[PDB]
Amino acid sequence: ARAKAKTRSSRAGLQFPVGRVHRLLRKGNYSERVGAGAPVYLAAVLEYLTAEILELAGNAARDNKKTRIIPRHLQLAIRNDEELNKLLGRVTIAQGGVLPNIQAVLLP
Amino acid sequence: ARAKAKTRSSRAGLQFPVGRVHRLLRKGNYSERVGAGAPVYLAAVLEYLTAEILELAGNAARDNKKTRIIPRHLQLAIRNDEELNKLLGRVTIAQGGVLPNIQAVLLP
Amino acid sequence: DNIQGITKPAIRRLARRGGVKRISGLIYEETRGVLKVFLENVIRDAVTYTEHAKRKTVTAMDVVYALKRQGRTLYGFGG
Amino acid sequence: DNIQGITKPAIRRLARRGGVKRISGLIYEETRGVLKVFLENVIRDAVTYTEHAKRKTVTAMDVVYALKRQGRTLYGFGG
Amino acid sequence: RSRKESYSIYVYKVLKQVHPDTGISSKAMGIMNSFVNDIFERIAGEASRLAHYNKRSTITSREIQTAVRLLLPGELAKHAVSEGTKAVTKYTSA
Amino acid sequence: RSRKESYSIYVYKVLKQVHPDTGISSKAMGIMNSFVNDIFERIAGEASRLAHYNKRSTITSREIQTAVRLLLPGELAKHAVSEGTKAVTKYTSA
Amino acid sequence: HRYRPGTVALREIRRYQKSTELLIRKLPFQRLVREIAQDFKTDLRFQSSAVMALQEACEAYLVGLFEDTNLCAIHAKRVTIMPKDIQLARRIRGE
Amino acid sequence: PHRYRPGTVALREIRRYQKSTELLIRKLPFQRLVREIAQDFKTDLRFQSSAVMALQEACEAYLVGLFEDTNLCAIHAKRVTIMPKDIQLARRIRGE
DNA sequence: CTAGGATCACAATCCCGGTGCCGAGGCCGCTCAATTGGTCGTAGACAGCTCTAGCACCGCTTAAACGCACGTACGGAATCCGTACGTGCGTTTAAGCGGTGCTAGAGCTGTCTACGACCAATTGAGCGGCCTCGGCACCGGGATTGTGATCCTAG
DNA sequence: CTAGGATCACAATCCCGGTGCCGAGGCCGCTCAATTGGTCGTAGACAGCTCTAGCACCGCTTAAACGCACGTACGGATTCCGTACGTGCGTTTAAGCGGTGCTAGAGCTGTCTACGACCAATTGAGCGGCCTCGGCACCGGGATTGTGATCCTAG
């Protein structure tokens, strides 16, 4: 009898699907061959980024006394961080609105 | 004895290399399969665009009493045609310079 | 004249989200023109995508793609 | 002190190609800063490409690629 | 009918790791799916370009690392690379 | 000795067709090579995306045509499509 | 009681900058979209989510433009946006 | 003797430099700057001559474009003198 | 009698407790895509070698940068006018919502065939290398354009 | 006596002619990459069916748009000042060019091994469907923040 199936995600201690990432790379017309480490690395990077943005959005929600993340919270989190703003510069978050910003010259 | 080799450019009445375009498409990680007509179409389009640019540059050279096309002539040809300028909007032509343009408000 | 459906108060609301305090009377027509140009461009690319798929219904994915290729990536509608 | 090598008359020449007639005295430092930022960005990406190839010499193709990925495609140096 | 794959399950796992008592709306889940797909494409495409430039046929962890350095700004890259490296190490030791 | 392929011969042929008495400098030839490579990779990339969106594995003349319509502005696309169509027709009749 | 010019304008700025709802009426926008699309292909249908996506993109674009128009006005020592500010913004943006 | 009014020589220079295509930054100082900047990323870095030329071409194109947008901003504020606040505005609107 | 601050009116916003609804999160069945184990071929890592071009230095010429003097025109502040955008009340209109009905076409499935990949052979087109000559850059002189200002003129 | 056009002195730029040099265009050898001929198989074209989701219409109910009016404050024109930037000249400096010498490292070739593709069997992870219930949006009504002006006083 063979060994119990152990997912590549679990071997790497990741939540993101390594097998799926591998398939998407192989079938995405990117290269002829795909190394064994490429899906692991990519999955880890995508998991880190989503953890970061979820953490910041949850913080914004908590600051707004809310328990569910909505697009507004995602926009607040993204626009208030210089690095995430620079990464997501040309991205429009649906139902995100804008940051409260009034020019100092307009105040009474 | 087989038949004399006839290039796919000559069969299509093209100056651009259909065979080369086909090879570049197959080995460029674009798709799994490449149709027989794709290289012909692409080559024809490339040829047309090249002809257009070269014609406009030669005209600029002839207007400047010159026999050889230089980067300057190419820049002039591209920036003086709205459509070619739009296509090559975010492109910098080395040693091309700029179009003579002085704001009307600055004139004596 | 469906362009007139973009009313004076809609444009004022859009300006107020943009932080504009005072608005000239000539802004409304300019804005209408700008919007028309933008829309034409996006719709023309979305329809091109639709026609390539041999479909008769513009899908949200056609729009998303059109925006993407124009450098105006939209998040929330499947990509 | 090599940023100072971009002298006042060089900046004036660049402005004159840009069609500028009158130049404030404070423009030179601003321009130097802008150029520094731009250069840093491009060189950073070119060096990244160089390091990936395990090379010790920055090639013109590294620069071309760096410019390309920043939306400043350069024609005339092999791509 | 039929399957449309998405990253919902994995987004929800990560959210439960970082905020156990915080949920997420369907519209935010759609935003997070679009985000993950977009970043995936950006990284894979730059790894592909890197590979092609150097006349290589295999996308390895090195290509991914370089792409991450090129795409992610500042400290994001620093931490992302660290995360990726740790994962690879753990994976290589099973 | 390392051979580097380029479009020089074909750019010169076309020039000689449109301007028999006009030559071209090496720097202009480099500009025209860069141009041809750039437009090639724009068109091919768009055709690839189109194919992928529709879950197709083959790039055909239809994909190229659509990619031309999407990329080339205004009348450029009208004439380019015509040129491409003529070539395919001529090619199909050998 | 009559509020001085500007008070209500700032109150509206705060209100709309705090909210996220779409500000253009749906039915007129849909009509505009369909009218524009008519010139490209006849008898076109539209998914509800296609129209919503278009509206979202258009609104975002216009808000961004108004922001850049406002910066231009402030730089010309004005507080009123004018067509010349939109034109300048667009020119500099590359549009 | 003869003195040209302010503006005459400035317009003559505009015409001359807009008609010519030569590089306007001295090569040796630019090279030094490039090497100084690259030094912070990796040591003992060599540079192809065509790498430096490419950098100089890109930088000069970028700066010319920026000066053009700075000039438009100045003209819109009813000035003829470009000032740091014009460069800043241009860059902000450009997204830089 | 005036300027400034104190005080007042009261409109808009925020906060709180109560209602209730419909979307998010969890559970169950299934199915297909990920895993395991083994085979095989070739892509790239590593070693070694060559030869090119990038770096360092020196001398000489001269073009460009620099510093200073002078003047003028342009940015900026101040004042006044007036019009035209803002705030608000009243009337109108059509957006929004809920419901009903029809049908077009998007999505899926089954079958088949033809179009593209792969292989072997072969051959000619294109690339490196060498070579010559004429097109353009430069220098010199001259004709012309243009700026700045002194002069004569009609009024 | 002026504003205006005419005339002038002068520097800068365009134009014509001669010289020369080095880059461009052509010829040659060969080699490798493109063409010819054939086979195999699976991807896409075409036909048929389903049902979903788009389109069209109708009736109330307000919410929002349109219109008009009174007025203040913001845009814009005009004037004056002073200083900061343009223009020009003499001095200094270091850029540009040529020539030499050297060696690090880029680029290529050959071997071989480890690693990634591929296939068959297995199965458990992930997707569709159903359901429940609690987080949220909404409402009424008080407490609070804020704008505007009326009142009071020392000055």
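Residue 1 is the first one shown; counting continues down the chain.
From the backbone N, Cα and C atoms, a Cβ is placed for every residue, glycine too.
Taking H:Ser20, H:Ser50 one by one, Swiss-Prot attaches phosphoserine to H:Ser20. Per Cα geometry, H:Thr70 is the residue among the modified residues H:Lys19, H:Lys42, H:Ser49, H:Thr70 nearest to H:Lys85 (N6-glutaryllysine).
Local packing around the modified residues H:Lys19, H:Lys42, H:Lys85 was summarised as the count of other Cβ atoms within 10 Å of each Cβ; on this measure the leading residue is H:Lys85. When the modified residues H:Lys42, H:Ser49, H:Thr70 are compared by Cα distance to H:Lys19 (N6-glutaryllysine), the shortest distance belongs to H:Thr70. Contacts of H:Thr70 (phosphothreonine) defined by a Cβ separation under 8 A and a same-chain sequence distance of 6+ are given as H:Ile82, H:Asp86, H:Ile87, H:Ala90, in order along the sequence.
Listed modified residues: H:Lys19, H:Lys42, H:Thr70, H:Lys85. Those with a CB under 8 Å from a CB in chain D, in sequence order: H:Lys42, H:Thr70. Candidate modified residues H:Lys19, H:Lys42, H:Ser49, H:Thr70, H:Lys85 yield H:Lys19 as lying near chain B, with Cβ-Cβ distance under 8 angstroms. Other Cβ atoms within 10 Å of the Cβ of H:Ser49 (phosphoserine) number 10 in total over all chains.
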